[PDB]
Structures are given as structure tokens and as C-alpha cells.
Number of protein chains: 2
Amino acid sequence: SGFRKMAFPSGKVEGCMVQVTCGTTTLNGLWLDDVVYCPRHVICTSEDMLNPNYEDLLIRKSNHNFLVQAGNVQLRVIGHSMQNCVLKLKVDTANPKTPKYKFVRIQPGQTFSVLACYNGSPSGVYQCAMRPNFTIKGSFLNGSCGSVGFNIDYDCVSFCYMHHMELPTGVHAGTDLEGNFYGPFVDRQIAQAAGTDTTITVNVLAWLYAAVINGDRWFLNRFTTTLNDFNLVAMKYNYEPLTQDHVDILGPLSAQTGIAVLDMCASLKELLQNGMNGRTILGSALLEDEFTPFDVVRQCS
Amino acid sequence: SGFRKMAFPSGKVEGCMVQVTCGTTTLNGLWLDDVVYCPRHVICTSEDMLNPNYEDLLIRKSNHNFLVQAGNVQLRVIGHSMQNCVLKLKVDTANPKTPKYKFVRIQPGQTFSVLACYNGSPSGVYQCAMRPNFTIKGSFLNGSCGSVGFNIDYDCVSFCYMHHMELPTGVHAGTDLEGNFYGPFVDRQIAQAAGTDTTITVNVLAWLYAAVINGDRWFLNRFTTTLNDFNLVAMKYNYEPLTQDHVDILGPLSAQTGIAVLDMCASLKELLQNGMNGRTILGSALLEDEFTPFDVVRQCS
Ligand SMILES: *[C@H](O)[C@H](C[C@@H]1CCNC1=O)NC(=O)[C@H](CC(C)C)NC(=O)OCc1ccccc1
Ligand SMILES: *[C@H](O)[C@H](C[C@@H]1CCNC1=O)NC(=O)[C@H](CC(C)C)NC(=O)OCc1ccccc1
């Protein structure tokens, strides 16, 4: 028993992290096979980041302008291209620690693990959710760009995120591994506004089920609600609308606990209108929304 | 910017996990050099666990009663010894992935990463504090015994915890790698209970400092307080007394923020006396006590 924000073991991803230096810009890169993927803004200078023309800055570069360091071993850049916002550096050595991997684009509401790296060396591992407004609430300092977010399935690492920037509000933004930003952001050093964020309702419900599975039952009630009457309340508190597809995905958790999804919705509705009144759920005084139904099942039983 | 509960990169510990089987009991072991460490209750059967004499159970065992798997490869047990509640199984192969490592016993209030494992396979990683009552609030299912807690310092993995059991309140109990329990618990299926817990004051202060470092000041005030005057409010709120040694350890954070320790204590005092009035700190509606001062400095720098 017990319930914790839990990351995937990071070994397979640690063996893929390298340092990429171009001029006096150093960030992290992902060495898979004979390719190193990194944020394209590594080619920019301090004054170039204000509003760069990347196709121009890149045509003025050659292989020898990219210093790639794998621990101490300097890798030789023998090629390069640009795919949207990522640089792909062809190198002479294929990464021997390369795991079974995929590149995937995750949906808002899904979670993943982040290996925070600086100068090519892992610093720590933590879980994030892709917020509905396509930002993530990370922990990223100068030098952390090129850090990846990922999930593991069987022995396969599905890379889903590469870090590029921090917004003025302090949340974080980046791309999938094909270089397309999550959300309406660009890799230019200019203030950019995230859309208004909202709470991931299906995740809150899963976490309430995790709580019941762990013996937290004070918030249950005998009332029930319609899906429509529930979404009317969620709208008021800035919660994502709940669809039948979400209701269907909570099926397993509803079955394990014997609590109908709409009954749990009645619980959530009560919690929203009245707060918790000094009580907690799995150690939080807030309604947690960074646990998917999958995250709940994986950790409960 | 940003502040997350962050685990150490776990790759060096994944390489040390193995499966250990005796009878029909299976749990995890820690393979370092030619020794596999695991909980001794792996030699117990269903009936044994109620009231076992481990010396008497172990004399009755042969090396070949122990099945150890490192991935696909069976490892041959060539010796065995019992040290307190831990079993040391000598094997015919030194772990080639053995990292620089030490065994240490941690103090109440310190933190470590847990690599949750099942059938010798890493499952996830998260951060824990050793509570003042010598339990941890972990996430552990059947099969997880032998999972280890650790910190990393430069190249050295310091192992500090091995998982053995769950208490009735849903918290977790275990030993150091010498097999000596943390807290007054025993590895048998009898009724036992955690002592009364308290909040780790020094850590709450470390976290308030992280909140200021990351740009948040709403909870500060113009007041101040003497150590004794602070500790009188602490005792009333079930917080550990704050010592001058805690104050000294909080020095560097005090210096980076320009906020005197005792001034942050008056802030905490006001927070305890008033609550938070619907506001949050680093995304929590509760005062977080599972970050040490070292955790803050490490993540914020
Ligand atoms: C990449 O290493 C870095 C990550 C930022 C810096 C601090 N925390 C992060 O997540 N990225 C940048 O500096 C990035 C480069 C542009 C060409 C997009 N720009 C950025 O994030 O600027 C905003 C900012 C910079 C420094 C501190 C706070 C915000
Ligand atoms: C070892 O794999 C296991 C870990 C427990 C299982 C549930 N969560 C954990 O942390 N340890 C035991 O089952 C332990 C065996 C003794 C003879 C040392 N007893 C134990 O934890 O008893 C309480 C319990 C067992 C099963 C489910 C819930 C609580």
C-alpha cells in the first residue's frame, strides 16, 4: 500500500545523455544510435536568441562547430540537419547503450518522467503531467535544455518531450522528439503567454480511487449525479469537461473499489463546493490531478 | 525555476537488483561484488512468518535452496550467512555493474531515493524521508521486499535502507544494509505499530527557503523570534524542537536569501498560527517537511 508520485527508473535514459556545445552555448543532447538530438537553439548566440533565423544561422555552420562530449569521449559530428525545432547531429559512433525506443507525442493530461541533466550528466528524476495548456510544471535551471521526458513500457523507452524554455509564469515548455512544440510556443527568447490552465478531471477521479483503495473514505457519500449535472459544477471550478470516454477509462478502478464513476463524481462535486475542511487525501490538502488512471493501477492492486 | 520532489538517477542501483527465491517466497536482493543481500524472511514459509526462529530455520537450509536470478542468468549460491535481519548470499559471479558504494545508517529527518522493485525488476523511483518515528511513507506492494533506499554523492552510492514490511497504519519499516531495523520493529507477522510522529521543523524551514529562492515571499513578515520562543509554538503544533545545529545548517540558505533563520522562524510561527488562508507554497497547501536543506541547495543550484 501507499501512494507516491513515482518516476520510471532512469538507467536506460541516463546512458543516452550527452553534452552539446556550439560556440559558448552548452546544453544536453540525446544520443540514440549514431544521432544526437538537441534543441536547435544551441546554435544561437546571446544576441541571436532574441529573434533568430535558424535556417540562416545553420547554413553558416559546419560539423566542426558542434562539440559533442560523451562523458570524456568527444564524439565526431559527421553530419547535421534540422527537423522543426530540433537539431539532429550525425556522429561517428553509434551509442552502445541505446535502448529499444520510440518517439511519441503525448496528449494533455498524460504523465511522464523527466531526467533533469546539466552538461550531459543526470541530476535527478521526477514526474510531470502535460498540462491542458501544453505546459509542464517542471524544475529546470540554466543548462537543463535537451533534458527529455519519457515513459517506459516493457523494455521500451517512449521519448515524449525535450525541454527548450521556461515561460514568465515559471512553467516550462518544449517539443516532442520530432521538434514540434507542445502548445503555441516558439523557440525565441521573447515573453509568451500560456493559455489559461484547467484541472485534469479524469486524473482527479483516478486519484480519489487511489485514495479509497488506500483506505481514505471520508469524502464518499450516498448521493449520485448525472454526467451533465457534474460537468456543470466542474465548469465553474475550471475543470476539464468529463466525457464518456473518461468515464470508460475509469472502469477498472470503479470495479476494483465498487464505487460507480458517477458516484465518485458526486464525491468530487461535494469536495469542490465545500473544500476539505481541514482534512487531507493521501497527504495532500489539494485535489491532485497529475496521476492518470494508468498511474493509479500501476501502483495499486 | 520550479521545485519538485526529485529522486536521484537510479541507473547505478538498477544494475544491482536481482530476484531471490527460497521455497515459494520471492523478493528482491542487492548484488554487490560476489554477495547478494536480501531480507532474511525470504527463508520463511506461510506458517513460518508468524513466529520464526531464523537461526533454526537457516541451519536447515542448503545453498541450493536459494534461487537467485539476475535477468535471465541464474546465479549459483556458494555460501550464506545471516547478519541481523539481512541474508548475505555469496555467489559465483561478482557483479560487473557494481558501482562505488558504501553502507550507511541515516538519521531521522534525512531523505533518500527508493527504487521500488518486483521480481528483481526496477518498477519506479521516488523520494522518502526517514520519519522521526523511524517509518517511511512509501509505496510498496507484496514482492517489494529487498528494494533499497540510497543517496548518491559524486560517484558513491550510499545504500541506507532495505524494505521489509508495512505497518497497520500503511507506512513502511525496514533496516539498514547491516540488517538492523530502523525503529522498534521486528521482521515477523505480529501486531506492531509506529510510534507517534512529528514534523521535521528544520526541513519545513529549508522548504520555505526554496519558496523564496523561487520568487515567492507572501508568507514572510516583519516579526522575529527567539529560538526558545519559536520552539514553544513548535511543541504546540507537534513540530520537532529546532536546535542551534539546525540553525547553523540553515546558514547557507539564509545567506543566499538574506533572510535570517530566526526571521523565517517567525514566518513559520505565523504560518502555524494562522494557516495559509487558501494560498499555497510551491504548489502545496501543506507545509512540506520532506526536503532537507541539502535537497534544496542541490535542486535550486
Ligand atoms: C535551456 O538550457 C534553457 C532552459 C530555461 C532557462 C531557465 N530554465 C529553463 O527552463 N532555455 C532557455 O534559456 C531558452 C532559450 C530560447 C532560445 C527559447 N529561453 C528561455 O527559457 O528564456 C526565458 C528564461 C530564461 C532564463 C531564466 C528564466 C526564463
Ligand atoms: C515483502 O515483500 C513484504 C512487503 C510488504 C507487503 C505489502 N507492503 C509491504 O511493504 N513484507 C511482508 O509481507 C512482511 C513479512 C514479514 C514476515 C517480515 N509482513 C508485512 O508487511 O505484513 C503486513 C502486510 C502484509 C501484506 C499486505 C499488507 C500488510
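Order of the sequence lines fixes the chain letters, A, B, ..., with proteins taken first and strands second; residue numbering starts at 1 for each chain. The figures here come from the full heavy-atom set of this structure, side chains too, leaving out hydrogens, waters and symmetry mates.
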Inset, instruction - Please name all residues satisfying side chain to side chain donor-acceptor pair (under 3.5 Å) with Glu290(A), sequence neighbours left out, ordered by chain then number. - result: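 Testing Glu290(A) for side chain to side chain donor-acceptor pair (under 3.5 Å), a comparison that skips the adjacent residues, returns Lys5(A), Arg131(A).
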Legend entry - With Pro9(B), the side chain to side chain contact (heavy atoms under 4.5 Å, CB included) member among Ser121(A), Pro122(A), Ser123(A):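 The side chain to side chain contact (heavy atoms under 4.5 Å, CB included) with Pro9(B) is passed solely by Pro122(A) among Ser121(A), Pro122(A), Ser123(A).
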Legend entry - Donor-acceptor contact present, side-chain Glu14(B) to main-chain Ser10(A), <3.5 Å: yes
Legend entry - Heavy-atom donor-acceptor pair, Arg4(A) side chain to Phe140(B) backbone, under 3.5 Å: no
Inset, instruction - For each of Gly11(A), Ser113(A), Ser139(A), tally heavy-atom pairs with chain B at distances under 4.5 Å, and name the one with the top tally. - result: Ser139(A)
Legend entry - Top contributor to chain B interface from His172(A), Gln127(A), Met6(A) [non-hydrogen pairs under 4.5 Å]: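 Ranked by contacts with chain B, first place is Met6(A).
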Legend entry - Smallest separation among heavy atoms of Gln299(B) and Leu141(A), with atom names: O-CD1, 3.4 Å
Inset, instruction - Only pairs at least two apart or in different chains count here, so list each salt bridge (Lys or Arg N to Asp or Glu O under 4.0 Å) that has a residue in residues 206-219 of chain A. - result: none
Legend entry - Options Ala7(B), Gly2(B), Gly215(B), ranked by heavy-atom pairs under 4.5 Å with chain A, top entry: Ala7(B)
